[PDB]
């Protein structure tokens, strides 16, 4: 890694007593609603939950998930065919890649993406083509040559995005689905930050006409409800794709603890006002700190997620700078670690009170 370094070089600066504001890890400071915790607790009192929670055991959760999805996109899904419980979405992603491919098949993904995407790709022994990004932060789907589309077997995307925090419009997704249909590709959309848009709703490529033919969308309880440690997510979409995922996860796991599935059910019933609150916090943080960084970092307008993506001044190297910045009291994630397209950017995780972020922005300014 590169985060290995910075991680060390931070645990070092800490030892040495340097007061360091850590904004390099997207681990929220916000609490989860209580109801799901109470449900998990009550579950511990029921001994029927001590054995493996098999498929049928996950229905109630998948049913609620189906209702959740339909409740915001108007498209119905059959819980027993187009939904699968995930022990966290990262798990579904990696396993979905194994399920839908064969060694040496070609995968298409952005040149800037969640680090483990490239990893999951190597785990499935897949060749990859990295899609350059548009100036607005989305992968330039038109930058893919005809030959690559013909070779491709899977297209992976994620918006709202990590690390860019970029938002995609329905139009972007229509383009992606269209190309996917046109070239006979599976389209995996990882959507963990669905509930973290600042203004409006997050489009869903699974909500488009005919999506159920090649689209699987990954959702998680981690970001939406701050229950990341409980490891629960859900895959919705193409029954064909899901059946293959289910087969793979079948020889690998037995799902999460029944108690957590029940917590999953309560989680989905969390008042929308609460889920919206979390997003409002990030909106306030993103905007406050962005104004304090103007002239320092070249930031795209903040619209979603816990991340700020900023381009360093000409010349400046993100790894060196990150390190130099650590010694100064602020930990950042070098863009570099999100892919080659990241070289020259830093990612800031708005996981601390506005005050701290304003202070952290003060230092970053000094550091340049």
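Residue numbers count along the first chain shown, from 1.
Here 319-327 and 59-67 are compared by their mean Cα B-factor, and 319-327 comes out higher.
Legend: mean Cα B-factor per stretch from the PDB entry, 147-155 versus 223-231; the higher mean is in 147-155. Comparing the listed residues 112, 124, 236, 293, the entry records the largest Cα B-factor for 293. Each of 135, 105, 266, 174 has a CA temperature factor in the record; the biggest one is found at 135. Residue 304: CA B factor lies in the middle third for its chain, per the PDB record. Sort the modelled residues of the chain by CA B factor and residue 298 lands in the highest third. Remark: residue 199 belongs to the highest third of its chain, ranked by C-alpha B-factor as recorded.
In the PDB entry, a CA B factor belonging to the highest third of its chain's modelled residues is recorded for residue 289. Sorting the modelled residues of the chain by their CA temperature factor places residue 244 in the lowest third.
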